[PDB]
Every structure is written in C-alpha cells, then in structure tokens.
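Undergrad: Sequence first, structure after, both from an experimental entry:
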Amino acid sequence: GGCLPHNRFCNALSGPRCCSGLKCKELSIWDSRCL
C-alpha cells in the first residue's frame, strides 16, 4: 500500500518504491524486486 514490501515486485520506473530497509534490486533488463 504505502511503500513496496520487501521481496515485492517494485517498479524502478512507474509505481511506488520500497521504504527504508528495502531497495529495488534489478534482476535483469526488465526484472526488478525489492532487495
């Protein structure tokens, strides 16, 4: 709801971001998740 929960699919481009403690890690060219 507010931030992106850890391990949740985050959108480095369009969409909310993870809060403190989590970060949107890129898994590939078009794959990113809070990590």
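TA: Structure received. Numbering: from 1, shown residues only.
Undergrad: Can you pull the phi and psi angles for residue 18?
TA: phi -70, psi 150 (degrees, to the nearest 10).
Undergrad: scratch that, residue 4 is what I was asking about
TA: phi -100, psi 120.
Undergrad: and it, what does it touch?
TA: Each residue near residue 4 by CB atoms under 8 Å, 6 or more residues apart in numbering is listed here: 10, 15, 16, 17, 18, 19, 22, 24, 34. (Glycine included, C-beta is placed from N, CA and C.)
Undergrad: which one of the residues you listed has the most neighbours?
TA: residue 10 (23 neighbours; other CB atoms under 10 Å).
Undergrad: who touches it in this structure?
TA: Contact analysis of residue 10 by CB under 8 Å, 6+ apart lists 4, 16, 17, 18, 24, 32, 33, 34.
Undergrad: If we use 6 Å, what do you get?
TA: 4, 18, 24, 32, 34 (CB atoms under 6 Å, 6 or more residues apart in numbering).
Undergrad: Same question for residue 26.
TA: If you count contacts by CB under 6 Å, 6+ apart, residue 26 has them with residue 32.
Undergrad: Three-state assignment for it, please.
TA: Following DSSP: H, G, I helix; E, B strand; the rest coil, we place residue 26 in the strand state.
Undergrad: center of this protein - which residue?
TA: Centroid check for the chain by CA atoms, centre = their mean gives residue 10 as the closest residue, at 2.6 Å.
Undergrad: That one and residue 21: what is the separation?
TA: 13 Å (CB to CB, to the nearest Å).
Undergrad: could you dump the contacts of residue 4 to CSV with secondary structure?
TA: Output for the contacts of residue 4, formatted as CSV (three-state DSSP):
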residue, secondary structure
10, coil
15, coil
16, coil
17, coil
18, strand
19, coil
22, coil
24, strand
34, strand
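Undergrad: related to what we said a few turns ago, apart from its neighbours in sequence, what residue is nearest the residue nearest to the centre of the chain?
TA: Distances taken as CB to CB, 6 or more residues apart in numbering place residue 24 nearest to residue 10, at 3.7 Å, with adjacent residues excluded.
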